[PDB]
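J.: Structure file query38.pdb, PDB, C-alpha atoms, is pasted below:
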ATOM      1  CA  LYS E  95     111.137 -15.638  57.151  1.00  0.00           C
ATOM      2  CA  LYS E  96     113.324 -14.596  60.066  1.00  0.00           C
ATOM      3  CA  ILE E  97     116.893 -14.260  58.863  1.00  0.00           C
ATOM      4  CA  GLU E  98     115.681 -15.136  55.370  1.00  0.00           C
ATOM      5  CA  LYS E  99     114.034 -11.724  55.470  1.00  0.00           C
ATOM      6  CA  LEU E 100     117.317  -9.976  56.133  1.00  0.00           C
ATOM      7  CA  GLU E 101     118.833 -12.270  53.569  1.00  0.00           C
ATOM      8  CA  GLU E 102     116.303 -10.522  51.394  1.00  0.00           C
ATOM      9  CA  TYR E 103     117.695  -7.170  52.547  1.00  0.00           C
ATOM     10  CA  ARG E 104     121.063  -8.160  51.053  1.00  0.00           C
ATOM     11  CA  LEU E 105     119.698  -9.452  47.748  1.00  0.00           C
ATOM     12  CA  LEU E 106     117.456  -6.404  47.735  1.00  0.00           C
ATOM     13  CA  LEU E 107     120.507  -4.144  47.803  1.00  0.00           C
ATOM     14  CA  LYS E 108     121.468  -5.913  44.614  1.00  0.00           C
ATOM     15  CA  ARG E 109     117.884  -5.789  43.354  1.00  0.00           C
ATOM     16  CA  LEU E 110     117.147  -2.074  43.550  1.00  0.00           C
ATOM     17  CA  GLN E 111     120.720  -1.335  42.540  1.00  0.00           C
ATOM     18  CA  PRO E 112     119.506   0.880  39.594  1.00  0.00           C
ATOM     19  CA  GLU E 113     116.954   2.716  41.721  1.00  0.00           C
ATOM     20  CA  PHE E 114     119.725   3.189  44.226  1.00  0.00           C
ATOM     21  CA  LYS E 115     122.316   4.447  41.789  1.00  0.00           C
ATOM     22  CA  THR E 116     119.835   6.947  40.390  1.00  0.00           C
ATOM     23  CA  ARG E 117     117.887   8.379  43.320  1.00  0.00           C
ATOM     24  CA  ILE E 118     120.447   7.873  46.054  1.00  0.00           C
ATOM     25  CA  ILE E 119     122.625  10.695  47.107  1.00  0.00           C
ATOM     26  CA  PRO E 120     125.596   8.824  48.671  1.00  0.00           C
ATOM     27  CA  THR E 121     126.358  11.925  50.684  1.00  0.00           C
ATOM     28  CA  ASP E 122     122.972  11.631  52.404  1.00  0.00           C
ATOM     29  CA  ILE E 123     122.015   7.962  52.946  1.00  0.00           C
ATOM     30  CA  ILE E 124     125.577   7.481  54.119  1.00  0.00           C
ATOM     31  CA  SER E 125     124.652   9.432  57.265  1.00  0.00           C
ATOM     32  CA  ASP E 126     122.154   6.815  58.313  1.00  0.00           C
ATOM     33  CA  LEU E 127     124.161   4.001  56.807  1.00  0.00           C
ATOM     34  CA  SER E 128     127.475   5.079  58.398  1.00  0.00           C
ATOM     35  CA  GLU E 129     125.881   4.112  61.713  1.00  0.00           C
ATOM     36  CA  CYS E 130     126.419   0.545  60.486  1.00  0.00           C
ATOM     37  CA  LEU E 131     129.145   1.163  57.916  1.00  0.00           C
ATOM     38  CA  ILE E 132     132.839   1.840  58.250  1.00  0.00           C
ATOM     39  CA  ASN E 133     134.493   5.202  57.587  1.00  0.00           C
ATOM     40  CA  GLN E 134     137.052   3.832  55.149  1.00  0.00           C
ATOM     41  CA  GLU E 135     134.632   3.176  52.315  1.00  0.00           C
ATOM     42  CA  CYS E 136     132.191   5.793  53.645  1.00  0.00           C
ATOM     43  CA  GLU E 137     134.796   8.463  53.021  1.00  0.00           C
ATOM     44  CA  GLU E 138     135.790   6.878  49.704  1.00  0.00           C
ATOM     45  CA  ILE E 139     132.178   6.957  48.513  1.00  0.00           C
ATOM     46  CA  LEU E 140     131.999  10.605  49.558  1.00  0.00           C
ATOM     47  CA  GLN E 141     135.026  11.227  47.362  1.00  0.00           C
ATOM     48  CA  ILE E 142     133.439   9.557  44.361  1.00  0.00           C
ATOM     49  CA  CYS E 143     130.172  11.494  44.654  1.00  0.00           C
ATOM     50  CA  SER E 144     132.584  14.224  43.689  1.00  0.00           C
ATOM     51  CA  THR E 145     135.064  12.603  41.329  1.00  0.00           C
ATOM     52  CA  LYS E 146     132.661  10.270  39.585  1.00  0.00           C
ATOM     53  CA  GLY E 147     129.272  11.595  40.556  1.00  0.00           C
ATOM     54  CA  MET E 148     126.588  10.886  43.131  1.00  0.00           C
ATOM     55  CA  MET E 149     125.514   7.830  41.125  1.00  0.00           C
ATOM     56  CA  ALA E 150     129.023   6.344  41.144  1.00  0.00           C
ATOM     57  CA  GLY E 151     129.366   7.168  44.805  1.00  0.00           C
ATOM     58  CA  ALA E 152     126.057   5.393  45.346  1.00  0.00           C
ATOM     59  CA  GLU E 153     127.248   2.457  43.289  1.00  0.00           C
ATOM     60  CA  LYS E 154     130.301   2.298  45.564  1.00  0.00           C
ATOM     61  CA  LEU E 155     128.084   2.710  48.571  1.00  0.00           C
ATOM     62  CA  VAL E 156     125.966  -0.318  47.607  1.00  0.00           C
ATOM     63  CA  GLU E 157     128.884  -2.690  47.361  1.00  0.00           C
ATOM     64  CA  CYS E 158     129.984  -1.409  50.727  1.00  0.00           C
ATOM     65  CA  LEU E 159     126.541  -1.880  52.338  1.00  0.00           C
ATOM     66  CA  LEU E 160     126.692  -5.516  51.241  1.00  0.00           C
ATOM     67  CA  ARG E 161     129.891  -5.872  53.300  1.00  0.00           C
ATOM     68  CA  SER E 162     128.186  -4.793  56.499  1.00  0.00           C
ATOM     69  CA  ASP E 163     126.462  -7.372  58.682  1.00  0.00           C
ATOM     70  CA  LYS E 164     124.356  -5.099  60.830  1.00  0.00           C
ATOM     71  CA  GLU E 165     120.613  -5.444  61.183  1.00  0.00           C
ATOM     72  CA  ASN E 166     120.166  -1.762  60.600  1.00  0.00           C
ATOM     73  CA  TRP E 167     122.230  -1.188  57.407  1.00  0.00           C
ATOM     74  CA  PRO E 168     119.418  -1.947  54.857  1.00  0.00           C
ATOM     75  CA  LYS E 169     117.051  -0.037  57.085  1.00  0.00           C
ATOM     76  CA  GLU E 170     119.476   2.924  57.148  1.00  0.00           C
ATOM     77  CA  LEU E 171     118.550   3.006  53.508  1.00  0.00           C
ATOM     78  CA  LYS E 172     114.814   3.674  53.924  1.00  0.00           C
ATOM     79  CA  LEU E 173     115.573   5.665  57.056  1.00  0.00           C
ATOM     80  CA  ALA E 174     117.892   7.898  55.115  1.00  0.00           C
ATOM     81  CA  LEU E 175     115.403   8.838  52.439  1.00  0.00           C
ATOM     82  CA  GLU E 176     112.678   9.336  55.040  1.00  0.00           C
ATOM     83  CA  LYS E 177     114.972  11.796  56.689  1.00  0.00           C
ATOM     84  CA  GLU E 178     115.923  13.462  53.431  1.00  0.00           C
ATOM     85  CA  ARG E 179     112.343  12.760  52.256  1.00  0.00           C
ATOM     86  CA  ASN E 180     113.336  11.203  48.932  1.00  0.00           C
ATOM     87  CA  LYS E 181     111.353   8.949  46.591  1.00  0.00           C
ATOM     88  CA  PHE E 182     113.617   5.898  47.196  1.00  0.00           C
ATOM     89  CA  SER E 183     112.115   5.397  50.678  1.00  0.00           C
ATOM     90  CA  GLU E 184     108.910   4.033  49.121  1.00  0.00           C
ATOM     91  CA  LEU E 185     110.183   1.433  46.658  1.00  0.00           C
ATOM     92  CA  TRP E 186     112.855   0.061  48.985  1.00  0.00           C
ATOM     93  CA  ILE E 187     111.309  -2.939  50.779  1.00  0.00           C
ATOM     94  CA  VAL E 188     112.933  -2.957  54.222  1.00  0.00           C
ATOM     95  CA  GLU E 189     111.486  -3.029  57.778  1.00  0.00           C
ATOM     96  CA  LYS E 190     108.785  -0.495  58.700  1.00  0.00           C
TER
END
Take the structure in the file and give it back as structure tokens.
T.:
Amino acid sequence: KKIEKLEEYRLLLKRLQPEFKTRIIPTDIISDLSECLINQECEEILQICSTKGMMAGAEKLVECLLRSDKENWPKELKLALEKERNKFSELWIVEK
């Protein structure tokens, strides 16, 4: 369970997709995530939090997270909601 664990992080993004789309503010977790993610989709997601809604922006933000191959990106998730202090931090099963 070395890389397999991070392999989990990816499938996990897909797994708590609904809990993400609902509780995630894509304008917030993006701050922690953008440290691993690229501005192009980061800024797009920020546009859709507006145009479509936070949920849709989050939905867009998930698919984008999956494209990143950092170590930190799925941790930016829990890290984000610890920083915002949101519920999602608890149910998300990432490092620490």
J.: Just want the 9 Å neighbourhood of stretch 144-150 of chain E, counted on only C-alpha atoms, with same-chain residues fewer than 5 positions away dropped. Output as a PyMOL selection string.
T.: chain E and resi 114-121+139+155
J.: Using all atoms listed in the file, which residues sit within 12 Å of residue E:189 once same-chain residues fewer than 5 positions away are excluded, as a PyMOL selection string?
T.: chain E and resi 96+99-100+102-103+165-173+183-184
J.: List the spatial neighbours of stretch 131-136 of chain E as a ChimeraX atom specification - criterion: any atom at most 7 Å away, only C-alpha atoms, same-chain residues fewer than 6 positions off excluded.
T.: /E:124,158-159,162
J.: Could you please determine the separation between atom CA of residue E:153 and atom CA of residue E:130 in Å, to one decimal place?
T.: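 Interatomic distance here is 17.3 Å.
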J.: So, counting only C-alpha atoms, which residue among E:98, E:185, E:154, E:107 is closest to residue E:142?
T.: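 Nearest to residue E:142: E:154.
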